[PDB]
Amino acid sequence: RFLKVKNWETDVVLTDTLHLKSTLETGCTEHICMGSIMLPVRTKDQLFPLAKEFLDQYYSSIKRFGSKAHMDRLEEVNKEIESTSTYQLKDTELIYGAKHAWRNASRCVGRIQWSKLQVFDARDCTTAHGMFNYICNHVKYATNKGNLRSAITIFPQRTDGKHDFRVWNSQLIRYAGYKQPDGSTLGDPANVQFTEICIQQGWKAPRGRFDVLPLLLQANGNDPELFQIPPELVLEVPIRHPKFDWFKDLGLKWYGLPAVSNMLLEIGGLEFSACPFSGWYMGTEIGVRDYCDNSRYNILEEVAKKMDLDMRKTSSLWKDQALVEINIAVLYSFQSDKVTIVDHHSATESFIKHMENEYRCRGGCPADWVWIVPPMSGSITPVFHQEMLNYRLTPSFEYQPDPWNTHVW
Amino acid sequence: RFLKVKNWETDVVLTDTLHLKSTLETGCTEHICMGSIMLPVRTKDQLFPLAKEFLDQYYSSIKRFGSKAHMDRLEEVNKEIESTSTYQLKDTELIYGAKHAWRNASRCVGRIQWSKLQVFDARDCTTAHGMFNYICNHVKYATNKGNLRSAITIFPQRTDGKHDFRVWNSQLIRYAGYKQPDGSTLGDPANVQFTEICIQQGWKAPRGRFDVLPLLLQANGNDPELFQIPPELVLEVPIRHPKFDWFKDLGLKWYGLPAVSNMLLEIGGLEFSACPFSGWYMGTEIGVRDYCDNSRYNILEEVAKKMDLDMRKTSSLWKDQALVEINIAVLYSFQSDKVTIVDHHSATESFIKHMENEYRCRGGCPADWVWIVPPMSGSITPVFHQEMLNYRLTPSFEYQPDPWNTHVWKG
Ligand code: HEM
Ligand code: HEM
Ligand SMILES: C[C@H](O)[C@H](O)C1=Nc2c(nc(N)[nH]c2=O)NC1
Ligand SMILES: C[C@H](O)[C@H](O)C1=Nc2c(nc(N)[nH]c2=O)NC1
Ligand SMILES: NC(=[NH2+])NCCC[C@H](N)C(=O)O
Ligand SMILES: NC(=[NH2+])NCCC[C@H](N)C(=O)O
Ligand SMILES: [Zn+2]
């Protein structure tokens, strides 16, 4: 009932009670752990309990648990639900829910910043053009000339499912991927399919290695539309090393704004299917995963050669030496151009502090160890030695099917 | 109920049916994952079934399920259990049992070698001196002058819980750790407590940074006894770098034979509390964990200074740069001295092939992602991109409480 988690480097021990308020499932069972598996309309009856659960925590957080205001609101929503078969959050509730969905994102290592989220209420939106407008504003606000500010823009909630708003891109800003005759892939292999769906939709791909994709926005259930982000609004960083002048020749660069756009935000049973959010990169995401993953830009060998390393034998650890240099370069390019970015050491140290604050002030902090530990130098970051308990709390950010596998044109 | 795991790098999908045979628990529920938690006598009543499951697995493995030899063995074992409250395993079954405990060890990335385990049957052992002799033969055999051979020595199983055989060391070979009055630690911090027990037992500590610990052996539930492993039997490797001539001057070295000796081997319900086993090292174990954990030798700074790295700000990734070098040094030193060792790339690539083979021929491969993925360069090794299912199958290697915490001293 009262679980404890120990850090094996410091011997510190925290007790977890917050998991007791766990609602959703984990994919695991007393017989099998699926901790490493990436992916382990509501009715009136289904809804009220959720709204109740939510309002309870909301009012509890504002020190008015069981107050008249609390009871009243619970009644109004209750009425509104029974009548409209749904309800609307007050702005206060929307903001609170979004911040807490971030607070509860067990896979996010940057949650120490959770309370500082800027929320853009786009619930009055009605068209793809409106969506494009809201998104551009989000992009500009959050980029802030390189001094990034976390934000989320929330489009209209789901109703009957046949009027859902959806951003087809996986991130607001991402490079394109095209399958060349060579059999090889040009650009970002991860977006090869999306890149094609834009074309299948009219986009005029410049077939480059770093082409900013176009937004494919879906409003109120209608078929999606394309819009190119004002180039002047997409901050980019040219990747150069602080010692290897040959580096720039690799012809690499990355965008400064990471902005997940394909997730679903659930607040009090309500579902917001279009809720793009952004923060700032942790160095390794680009340097380790986007650049070195075999299925991404897969650039290790190329950088290996340029460094003139004995790639004849794995045991020489050339991949490791290169990986490091590459990551020193990403953090260098960003820091030079004055674009916010955080290294895995500093980011993990913060998460640990955040975990401690969360444990004493909330009785816990759900965290997914498999995602929290950086893809490089694992054990030399504090989170590696930190036991973590993963569980689902709501409000939350959830995965949802790609729209192009659901859209009934 | 079939379960699928995908490799997000190759899009290869495997199907697991083997987890259905999983009886033991995981620590996780439908509402919580404890996948990253380090540590989440039997009665006749509970033994019969365990013995039967085992014999059934055994006889099926040899294609004699239902045979008369199978049926007679079950009758023989059950009679014996009801008769003595326990039972003895045949030699063939012990070997099969030991090999499968290794095959089922979800935290071991070296399992592609599981069928080539050399099993030393020390069930006739009765005294600590007897244990010392067995252990000495195990080390020499396994060390094989640097061309390491995986092996396990199995001492008498547990009976009433008061006559246990235990190896108090956590590994047959490990360096002493000494707490200094100024608060600093000399040697390996991980073994300070055990070192104190050895000194209290009479060991004369040479108090250096790499002193090989004595064996503390408990036979038949008696008080443990000290024994020094013959120095000529302990193979060690001086650590140097293939390009930094100052590396050797750090004065580092490590032993070549890793031999976990504090686990419990469960087979057919029987409990073998003293079952030291060894294989060969994966570089990162030494280079990353033993050398760079803040709670171990913690050499990152010193190695960083000598490299004249910019230690002013973490974002220079000086810790990362130094880490790679140290690991290159460990692998290089071992290879030069011709002592068996495997790099993390090589080891993880083999585990993937092994895992795939196991799904196809066995229906699965219980694996602990948290432990399988190496402590450095995670995503540039295939295991990181591989989804895994973790569950407990028997025979198995289990953790057990430190003996000094449970032992009833006799004087
Ligand atoms: C401000 C700095 C932030 C940092 C440094 C940060 C860091 C991270 C990192 C390293 C990941 C893993 C990314 C991956 O492997 O794909 C992650 C995941 C995640 N973060 Fe953040 N984050 C930040 C802001 C945000 C914000 C503003 C939200 C939500 C409002 C958020 C919600 C989450 C969620 C839901 C995931 C999991 C996404 C998935 O499953 O792909 N993060 N974050
Ligand atoms: C052939 C060489 C072998 C290699 C390369 C290998 C590799 C590894 C590594 C890297 C780990 C994690 C070590 C740690 O982080 O402390 C591990 C754990 C494990 N291995 Fe092996 N192994 C080998 C042989 C064996 C043998 C012979 C057995 C058993 C008969 C075995 C049983 C296990 C067990 C039970 C664990 C978990 C130990 C614990 O929880 O501390 N391994 N192995
Ligand atoms: C299979 C496994 O779940 C997958 O390869 C992982 N992906 C990720 C991870 N961690 C982060 N932060 N991001 C990922 O995409 N840990 C492991
Ligand atoms: C808390 C966390 O489970 C712990 O720090 C871990 N230890 C280990 C690990 N993996 C291996 N191989 N060995 C460990 O000791 N993964 C994580
Ligand atoms: N720090 C963030 N906000 N990350 C969002 C996900 C970005 C993704 N990991 C990438 O490298 O493109
Ligand atoms: N490859 C092995 N057999 N390892 C056994 C565990 C050794 C332990 N990790 C060490 O660094 O000493
Ligand atoms: Zn689990």
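Residues numbered from 1 in each chain as written, not as in the entry; some residues may be left out. Chains lettered and ligands numbered in written order. Heavy atoms only, no water.

As recorded in the PDB header, X-ray crystallography is the method behind this entry, and the stated resolution is 2.05 Å.

Caption draft 1: Region of the structure containing unusual backbone geometry. For the peptide bond that leads from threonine 394 of chain A to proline 395 of chain A, omega is 0 degrees, which places it in the cis range. Positionally, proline 395 of chain A belongs in the loop between α10 (369-372) and β15 (396-398). Geometrically, the link from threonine 394 of chain B to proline 395 of chain B is a cis peptide bond, its omega value of 0 degrees lying close to zero. Structurally, the position occupied by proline 395 of chain B is in the loop between α10 (369-372) and β18 (396-398). Positive phi, close to 60 degrees, is recorded for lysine 338 of chain A, a residue that is not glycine. Secondary-structure assignment places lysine 338 of chain A in the loop between α8 (318-336) and α9 (344-362). (Helix = DSSP H or I, 4+ residues; strand = E, 2+ residues; numbered from the N terminus.)

Caption draft 2: A look at the coordination of the zinc ion (ligand 7). The protein atoms that coordinate the zinc ion (ligand 7) are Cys28 of chain A (SG), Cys33 of chain A (SG), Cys28 of chain B (SG) and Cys33 of chain B (SG), at distances spanning 2.3 to 2.4 Å. The exposure class of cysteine 28 of chain A is buried, given its relative accessible area of 3%. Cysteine 28 of chain B gets classed as buried once you look at its relative accessible area, which sits at 3%. (Donors = N, O, S within 2.8 Å, 3.2 Å for Na, K, Ca; no water. Buried < 20%, exposed > 50% of the residue type's maximum accessible area, 1.4 Å probe, protein only.)

Caption draft 3: View of the interface of chain B and chain A. Counting from both sides, the interface comprises 64 residues of chain B and, opposite them, 64 residues of chain A. For the pair chain B and chain A, the two sides together bury roughly 5200 Å², of which 61% comes from carbon and sulfur. Joining chain B to chain A, the criterion identifies 0 salt bridges. Mapped onto the side of chain B that touches chain A, the elements with two or more residues apiece are β1 (3-7), α6 (283-292), α8 (318-336), α9 (344-362) and α10 of chain B. Per-element tally for the side of chain B that touches chain A: the top contributor is α8 of chain B, with 10 residues. Considered class by class, the residues forming the side of chain B that touches chain A number 27 nonpolar, 26 polar and 11 charged. (Contact = heavy atoms within 4.5 Å. Buried area = accessible area lost by both parts, 1.4 Å probe. Salt bridge = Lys/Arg side-chain N within 4 Å of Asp/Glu carboxyl O. Nonpolar A, V, L, I, M, F, W, Y, C, P; charged D, E, K, R; others polar.)

Caption draft 4: Quick peek at the site of ligand 2. All names here are of chain B. Close to ligand 2 lie 15 residues, the nearest being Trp102, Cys108, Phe277, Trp280 and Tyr399. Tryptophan 102 places a side-chain nitrogen or oxygen 3.5 Å from a nitrogen atom of ligand 2. Between an oxygen atom of ligand 2 and a side-chain N or O atom of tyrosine 399, the distance comes to 2.4 Å. (Near = heavy atom within 4 Å. Polar contact = N/O pair within 3.5 Å; in protein donor to acceptor, adjacent residues only side chain to side chain.)

Caption draft 5: Highlighting the state of the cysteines. Residues and elements named next belong to chain B. A full pass over the atoms with the stated rule returns 0 disulfides over all chains. Considering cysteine sulfurs only, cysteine 125 is the nearest to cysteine 136, which forms no disulfide, with 12 Å between them. Overall, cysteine 136 belongs to the buried group, its relative accessible area being 10%. Summary of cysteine pairing: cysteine 365 is not part of a disulfide, and the nearest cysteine sulfur, belonging to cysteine 361, is at 9.5 Å. (Disulfide = S-S within 2.5 Å.)

Caption draft 6: Molecular detail of the nonpolar core. Counting residues in each nonpolar core, the largest one holds 123 residues, and the members touching the most others are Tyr291 of chain A together with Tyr291 of chain B. The dominant element in this core, judged by the number of residues it contributes, is α8 of chain B, at 10 residues. Filtering out sequence-adjacent residues up to four positions away, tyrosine 291 of chain B remains in contact with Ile239, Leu252, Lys253, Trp254, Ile286, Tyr297, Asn298, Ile299, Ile326 and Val330 of chain B. Ranked by size, the runner-up nonpolar core spans 57 residues in total, among them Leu389 of chain A together with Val109, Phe351 and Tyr359 of chain B. (Core = buried A, V, L, I, M, F, W, Y, C linked by side-chain atoms within 4.5 Å.)

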